[PDB]
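Chemist: Could you have a look at this structure, given as structure tokens, before my questions?
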Amino acid sequence: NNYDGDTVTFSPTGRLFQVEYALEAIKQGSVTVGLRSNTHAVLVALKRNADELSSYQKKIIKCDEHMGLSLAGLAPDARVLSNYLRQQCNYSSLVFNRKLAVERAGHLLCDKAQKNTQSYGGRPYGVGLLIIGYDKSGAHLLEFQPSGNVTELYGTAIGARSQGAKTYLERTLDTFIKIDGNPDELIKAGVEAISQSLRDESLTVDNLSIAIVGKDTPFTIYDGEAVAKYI
Amino acid sequence: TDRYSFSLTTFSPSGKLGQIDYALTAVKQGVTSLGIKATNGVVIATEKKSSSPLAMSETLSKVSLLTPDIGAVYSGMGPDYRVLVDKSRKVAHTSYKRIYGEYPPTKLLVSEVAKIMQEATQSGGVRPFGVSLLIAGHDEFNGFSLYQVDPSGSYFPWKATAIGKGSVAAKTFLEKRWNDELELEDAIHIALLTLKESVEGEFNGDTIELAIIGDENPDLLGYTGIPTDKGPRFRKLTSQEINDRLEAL
Amino acid sequence: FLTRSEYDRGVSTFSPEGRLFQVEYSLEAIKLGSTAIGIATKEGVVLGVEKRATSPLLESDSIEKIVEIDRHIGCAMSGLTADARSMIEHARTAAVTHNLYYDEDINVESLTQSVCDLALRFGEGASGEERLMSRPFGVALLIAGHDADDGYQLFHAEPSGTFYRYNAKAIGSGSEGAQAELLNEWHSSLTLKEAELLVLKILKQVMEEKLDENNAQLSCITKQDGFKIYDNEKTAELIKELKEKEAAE
Amino acid sequence: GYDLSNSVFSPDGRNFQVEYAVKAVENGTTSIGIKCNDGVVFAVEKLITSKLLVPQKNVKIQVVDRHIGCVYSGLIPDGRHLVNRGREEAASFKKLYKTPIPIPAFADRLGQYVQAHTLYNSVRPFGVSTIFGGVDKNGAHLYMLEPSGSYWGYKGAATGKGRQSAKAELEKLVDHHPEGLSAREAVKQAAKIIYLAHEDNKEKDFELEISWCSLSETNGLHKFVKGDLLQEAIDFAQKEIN
Amino acid sequence: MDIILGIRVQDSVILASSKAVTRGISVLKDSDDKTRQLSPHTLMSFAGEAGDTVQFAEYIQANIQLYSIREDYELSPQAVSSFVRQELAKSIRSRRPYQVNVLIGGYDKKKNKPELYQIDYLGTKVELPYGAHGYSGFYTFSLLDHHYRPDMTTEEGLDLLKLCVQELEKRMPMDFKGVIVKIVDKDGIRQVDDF
Amino acid sequence: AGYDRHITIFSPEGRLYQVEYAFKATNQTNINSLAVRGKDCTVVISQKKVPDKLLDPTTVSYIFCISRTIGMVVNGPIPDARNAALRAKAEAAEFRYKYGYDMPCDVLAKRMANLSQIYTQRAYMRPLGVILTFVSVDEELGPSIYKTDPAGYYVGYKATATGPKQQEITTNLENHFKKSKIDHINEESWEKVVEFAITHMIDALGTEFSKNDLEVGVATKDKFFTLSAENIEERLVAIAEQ
Amino acid sequence: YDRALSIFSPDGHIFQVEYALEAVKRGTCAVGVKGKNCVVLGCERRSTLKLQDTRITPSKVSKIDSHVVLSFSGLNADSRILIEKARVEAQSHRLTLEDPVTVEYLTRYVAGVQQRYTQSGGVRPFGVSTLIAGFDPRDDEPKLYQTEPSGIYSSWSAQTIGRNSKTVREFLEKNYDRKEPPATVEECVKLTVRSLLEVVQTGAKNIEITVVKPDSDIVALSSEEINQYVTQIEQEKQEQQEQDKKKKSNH
Amino acid sequence: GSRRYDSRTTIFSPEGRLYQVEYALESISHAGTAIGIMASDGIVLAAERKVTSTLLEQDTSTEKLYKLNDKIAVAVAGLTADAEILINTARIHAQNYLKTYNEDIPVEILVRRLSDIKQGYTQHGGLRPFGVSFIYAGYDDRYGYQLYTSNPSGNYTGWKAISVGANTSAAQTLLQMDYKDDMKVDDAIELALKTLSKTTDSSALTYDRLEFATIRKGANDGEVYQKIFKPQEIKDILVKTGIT
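Protein chains in written order, with the entry's author numbering: chain f, 4 to 234; chain b, 2 to 250; chain e, 2 to 250; chain g, 7 to 248; chain k, 1 to 195; chain a, 10 to 251; chain d, 4 to 254; chain c, 2 to 245.
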């Protein structure tokens, strides 16, 4: 509490420090990797057990049958935004007879982050979401920050060891863009992505949780022994 | 967001309310004013002072009309005087002029304005009005009456009293010059003499604002042929009639 | 005492660690709870709690930590029980709401997630909706129950708004010492009565009192017979059949 | 110590909060606005900060109504909120009067809303400079709006990190043409002055985006510059810097 | 409306209420009471509208007893009467109309005199030596005036009231199957099973 | 107590630290004003200075027209100038609505004073940082000046100036009415009072002017107008030929 | 207002809940003891100050219902708010569910009421602890509950709150057996009076006693009766102490 | 913000006590002295004004004595400014009760209603408590004459004889020494006057600085004469007790 205070402070460095702090929420979270092609999106998520009598913590939430989100960070924070994205999608289905597109939903979300930074007694949400979908304009992968920035990427990560996933994806980038209508290949290259983002916790067929979306396939979540064909 | 709903007013640890002490100190930074209650009237007097000498003070007033029997005059903060005079008028009309059709008693009006000062001490988001007001008026049952509402929200009746920075001197003076028989004429020559000890600048009837809650005037009513509607007992005296009283000491 | 921090005038504020500070503080209040051990089998879930007493005057058979939420969902509460009084009431309302709407059982996970939604509501006035708590709760639950579509479940609900499915979980003061042993002794070959006795055996090690039936309490959830709280005499019987097996090692 | 709240005053006339908000905008990226005779040309620098990014699929230039471009720098989410408000305020005008909001009338709505957040302790001041203008029927206009809730007319305006350089090149261009230049011809000059304004900041690599509202080529609606025109403009600037 | 009569005896108020209850065109019940003891020494009987009567009658017992337990002393019948008046008064102005006609009878042990009151549905309090509402009232008001005396013993008040019952039965087209009798006196609030 | 200078509340001394700072934020821009009474007219000039070439000069103003016969000339910052401008326009319209004739100067002065008063008495309220001068020609009171200020106090005048160097201007007006022995300039042409005013402003500030360093407003009866830059230059050509 | 007045403390408490428990400790002492055919609440009447009329000063045991009495210790302002809220419930129960309250439902209500002012902000916690006693309707289980300002209720077979309460609790482990309560009103009363004569002292002045017998029998005992019991306890105690003393001498 | 500037004023200290109540009680001990003495025929409430001058009017002053209702008057000691809201709330409550039950208010009800108002301010809102201490004189059927004093917490206790404001402990001892259980209004007046003569900062106690009112069973069989005395009737009983 000097310049480092609540959501109202500047701060002679143009910052607000509430934003950097909520971005350590993400860092303290488990790793997740997204990657897309022009015909398929794939999210490959690392769940995290608390103990061996505890289960693994769901990391991927279905928003729609062509739209999905997967969180990284604080689970209570995620649940206020996840309810929100599904709510405006069903709203767009009702009113406009239309799927709520991924790019537009990034803009809606953006302003929802902004006003709890605007108002005193607010706080930024300490969750960053990766949001995939397939619409009438094709595949999109958005990376959402506690900042409120929405950005469009071919493949990204957030978590711990997020740097190691992006370096694998910088080499192999032009390979997965020209693989199209073969979802299998994209899934495996993302397994391979999250291999460089292990804390020696292993690749395991109940640690890794997949969800895909196609042109030709709904949103589907693979878990348990639906992941064994890659692993 | 907003949550000022908690008072900026608290009790100091040695007893009292801290802010009303600070506010009384601010009343000794203002102008000087006095009021004398005679047998046959009330006279009120104050000094006209202005920021720049090229300022027009004749188009400006520091004795204001609340109702046609009841006038006020201040010593203390200007901005705070101006707003509280308009509410005095708004509560006198809504709470006795719709409910009984006629202008309030002076005692009833003093309590109406003392609730406004109380609710500026109480409640969050506020501080007291930093003024001492004289509320002089006439009512039909306790005769002529003069009150002083202090920044606290108490009032006290007096027979003559003074306020502002020259208050100690002025009151010592009024202690011998008041009497159980007094004429309104004699009270006018008195009030000028005292307030002359309190003025250190120019001295003229253009600078001394005199109003009397004397006796009715049928000419300031604007109409005739009703004996039932009486004239205002207040009468602000134009500057020329005041310039005469300078010699009539 | 008086921890070195920068916030104690906010409640939804960060934190150079990057985690809510109040939430953090809450999990270090579950260790002032009394020890509740809970073993999940595939044949029932057993919830045992040390009731805790503090005088022998204290009548302790009219106090319990076991609360029936509905016929097929049990809960045992540990931590600060004034907070949990409000939490339990909320779930009971939801459970009945689902049976009104659909004339069907509520999922064990679906209910547990709902009381997590309640716990996220601390705040001065944030987000779109009103905040009707100022401060997060300091109580954690072992919601046992049985649903038709995943069988027997045991969940741990945190005052964080986060939930993990456990197959045995301990909460309270003696939580750490219990759970070490849970990691070691549990297998998926337990039955209803072997699990039952396994609760009183580890509950004896984290017993700071004396193991008897007036300070230890059992409860089961069985599919076709519902949630049934073991009477006190039957709990006495099990304590004795423990002593046969404790002089048989 | 006068940073407690945004309603406080300092004895040097300062209001520490608000001045610190300018530090936030200086970390932006170069953004220009060209007041031409026929209309306006906005351009924004879009950094490619990674090769994993999908180029020309993110906009930082969004229209408000159909004839007011708004291009912002500073805090990108915060500007998306200030742009979002002015679509509500703009549409209210059109309903109530059946005419699209005039550019000087729009200037007032936005200005007033930013000024408001320094009169209450309930909210935080916005840390953006927004640059907006377009063509109305009383002609083309340009405004630069401060995070202080202050604005003035401009014959050219700029913001960013390369703002010393931009504002400077823009004096040269108003000294080439005292009678001003075509918005047709301005497509190629926005390209030029963002490029010299990136020599300070040449650590990174960028994609040029340009937009215009002109009466002469886009019939007063604010459309994007695209196609062959866009890539010729890029080529123009490159030959100039070499 | 049905039977509901008061007579102010020297030392007591004798109230009586109809047994018969007809909602629809079939008598459904015929031993029901229409009276609820407010306080140890004030009884209130009611008739008026169906279903309005049962709810609003429970409402007054609740509130007057709320105040009784606050002050560990009981309100005078004059004071309870005024409360019932107050409420119904607000209710003819208010959105939903109540329509409850009440005889409040009590023995005040502090004025040492039995008190009888008639509160109509409009909201008019009146002290009376005998009273009645509705249909029954039209035949009895004149019948009680005839034979009365200022001071009459308790068992004389019963005999008179049974002349009024007996008369009613002949003349009314409605059937009421006899009354229930209650005495409110200085020695408490009792019933007489003799009809 | 400990806070009396970041919230509005009396000091130990009985003064308001917060409000004083508002009066110490009025000399930032460094605009000066001069206003004089004709016999049938009111004249006010204000400075217009732009620091760089790339501001368009037309939009840079300080003379803002509230009512049809009342002009309002603002000394202090341009964000709080716009909030004050807006507010008065709302009240002025409101007045016309409920009494049936367009708002007197006197009452418009009294109204903005009561709004200033509230901002120095509410905890979470930022005082206005402006002195407003209202110039009018009334039909009942004639040419008048009332000046409002952050305190919430107003005062009338023969003539007044504001700015950092205002003392020099006090001297010129004091001399002017020391010689005449009347309380206003006696001129029948609204133009030469604009001329007299400028002459005293050149004398007083010790500095030469141009059309663009001036900004001139005149209230005659039943209209308020501002002079354009062309019409301003002419007054300086008729000043030399006096 | 809506600002937090309770902020969770990192030592596993809330600061203001612990301050509230202290506000009862500096409060006046109540002793409550349940028999097997009565409940008895004895409460101290502070009468240190002279010239006080006790007839117009209320008692520190207040009957909520006609068969449920409540005594209290702690702050005497705040206590009156909990008691007005609890009388309102007592009637409500009759209105919507009929029958008078059971001891348990009310006890839970007072507990949730003090609980609301922690968890909510802008409302600070109370500092009052109650002994809630009575019999349920048509039963004769004497039920003695205690509520505390943390928002927790406990049943107890005998309980004490207020100043030097711990010293009284020590007495009750040895002089009241759980398995055998006293079996007469008169014995149970002489037991609680003896407890009051130790931490309040100064004759029968300060001693107030409410005795409840099943089925709506609440009576509060006259000064004269109290005067008889107190003087008997002192003489009986003098007679006993002295003969034990003698037997010690020789042995 | 707001959170920043908040002190917290309704919270506890480790004492389990509220500063703003003690601080209020302190400020009543700087004001004028107020005494009530209950006779078997009446109640005398006698109050000393903390200000006086030979230019103070006495003839429109009822700045400590105020009628709440025609059977209930109070003597006021504390912040006079605060008290005025509470007085008019008290008059309105009296009237509410009187409206709905058509019968004169008990003294018990009216003292408790005020105590709860004061209670509301310490309980919540972050407000300061009104700093007033009341002595209520009342007659009601049930208990006859009744005397009650209440303090800023919101707590009341009945009394036989009491003193509040400045010299609380001193005047009280005097009252213990000369109190007869039964008195006449004349014995109550005699005691009351002499105590305030023994506690005043001026060299002699004068009529021009005394407010004095009674409620007298000077009228009989369910009728009471309420009196607010004029200062010239106060002058006259001051020579009877021989002060003057």
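For each residue, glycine too, the CB sits at the ideal point set by N, CA and C.
Would you say residue 59 of chain d faces chain c, with C-beta separation under 8 Å as the test?
Modeler: With 8 Å as the cut-off, residue 59 of chain d counts as an interface residue toward chain c.
Chemist: Chain g partners of residue 33 of chain a, CB-CB under 9 Å?
Modeler: Those within 9 Å of residue 33 of chain a in chain g are 15, 16, 17, 18 and 19.
Chemist: Are residue 62 of chain f and residue 165 of chain f closer than 8 Å when you measure CB to CB?
Modeler: No, they are not a contact pair.
Chemist: For the alpha helix (DSSP H) that residue 245 of chain g lies in, which residues bound it at each end?
Modeler: Start and end: 233-247.
Chemist: For residue 41 of chain f, which residues of its own chain have a beta-carbon under 8 Å away from its beta-carbon, when the five flanking residues on both sides are left out?
Modeler: Excluding sequence neighbours, residue 41 of chain f sits near 141, 142, 180 and 183.
Chemist: Residues of chain c with CB closer than 8 Å to the CB of residue 123 of chain f, please, in chain order.
Modeler: Within 8 Å Cβ-Cβ: 2, 3 and 4.
Chemist: Spatial neighbours of residue 122 of chain f within its chain, please: C-beta separation below 8 Å, excluding the five flanking residues on both sides.
Modeler: Excluding residues within five positions, the ones whose Cβ falls inside 8 Å are 10.
Chemist: When you compare each of k/4, k/2 and k/140 to residue 163 of chain k by their alpha carbons, which one comes out closest?
Modeler: Considering only alpha carbons, the answer is k/140.
Chemist: What does the alpha-carbon distance come out to for the pair residue 162 of chain c and residue 153 of chain c?
Modeler: Answer to the nearest angstrom: the Cα atoms are 20 Å apart.
Chemist: Which value, in whole angstroms, describes the spacing of the CA atoms of residue 221 of chain f and residue 69 of chain f?
Modeler: Approximately 6 Å, taken between the alpha carbons.
Chemist: Please state the DSSP three-state secondary structure of residue 114 of chain k.
Modeler: In the structure shown, residue 114 of chain k sits in a strand (DSSP, three-state: E or B).
Chemist: Mind listing the chain c neighbours of residue 26 of chain d? Cutoff is C-beta to C-beta under 9 Å, in chain order.
Modeler: Residues of chain c passing the Cβ test: 13, 16, 17 and 18.
Chemist: Could you check whether residue 172 of chain e and residue 67 of chain e sit closer than 8 Å to each other, using their CB atoms as the reference points?
Modeler: In this structure, residue 172 of chain e does not lie closer than 8 Å to residue 67 of chain e by Cβ.
Chemist: Of all the CB atoms in chain c, is at least one closer than 8 Å to the CB of residue 10 of chain g?
Modeler: By this cut-off, residue 10 of chain g is an interface position.
Chemist: Looking at chain e, is there any beta carbon in it that lies within less than 8 Å of the beta carbon of residue 85 of chain f?
Modeler: No, its Cβ sits nowhere closer than 8 Å to a Cβ of chain e.
Chemist: Less than 8 Å between the CB atoms is what I'm expecting for residue 88 of chain e and residue 123 of chain e, so what's the real figure, rounded?
Modeler: That pair is no contact at about 13 Å.
Chemist: For a contact defined as C-beta to C-beta under 7 Å, what are the partners of residue 15 of chain a on chain g?
Modeler: Neighbours of residue 15 of chain a on chain g, chain order: 10, 11 and 14.
Chemist: Chain d beta carbons: is any one of them nearer than 8 Å to that of residue 136 of chain e?
Modeler: Yes, its Cβ sits closer than 8 Å to a Cβ of chain d.
Chemist: Considering only residues of the same chain and omitting the five flanking positions on each side of residue 175 of chain d, which have a CB-CB separation below 6 Å?
Modeler: Contacts found: 161.
Chemist: Give every residue of the same chain whose Cβ lies closer than 7 Å to the Cβ of residue 1 of chain c, excluding the five residues on either side of it in the sequence, and list them in chain order.
Modeler: With chain c represented from 2 up to 245, any question about residue 1 of chain c goes unanswered, as that position is not in the structure.
Chemist: Using the DSSP secondary-structure output, state which residues sit across from residue 47 of chain d in a beta bridge.
Modeler: Beta-bridge pairing links residue 47 of chain d to d/210.
Chemist: At which residues does the alpha helix (DSSP H) containing residue 28 of chain g begin and terminate?
Modeler: Where residue 28 of chain g is concerned, the enclosing alpha helix (DSSP H) stretches over 22-31.
Chemist: What first and last residue would you give for the alpha helix (DSSP H) that runs through residue 22 of chain e?
Modeler: 22-27 is the extent of the alpha helix (DSSP H) around residue 22 of chain e.
Chemist: I'd like to know whether the C-beta of residue 12 of chain e is nearer than 8 Å to at least one C-beta of chain d.
Modeler: For residue 12 of chain e, the answer is yes, since a Cβ of chain d falls inside 8 Å of its Cβ.
Chemist: What are the residues of the segment 148-159 of chain g that lie near chain a, defined by any Cβ-Cβ distance shorter than 7 Å?
Modeler: For the segment 148-159 of chain g, which is checked against every Cβ of chain a, the residues closer than 7 Å are 154, 155, 156, 158 and 159.
Chemist: Identify, in the order they occur along the chain, each residue of the same chain with its Cβ nearer than 8 Å to the Cβ of residue 96 of chain f, setting aside the five sequence neighbours on each side.
Modeler: Here the set comprises 102 and 103.
Chemist: If the criterion is Cβ atoms closer than 8 Å, does the pair residue 134 of chain e and residue 243 of chain d meet it?
Modeler: It is not a contact, given that the beta carbons lie outside the stated cut-off.
Chemist: Residue 127 of chain g versus chain c: which residues are under 7 Å apart at the beta carbon?
Modeler: The answer, in chain order, is 2 and 3.
Chemist: Is the distance from the Cβ of residue 143 of chain a to the Cβ of residue 162 of chain a below 8 Å?
Modeler: In this structure, residue 162 of chain a does not lie closer than 8 Å to residue 143 of chain a by Cβ.
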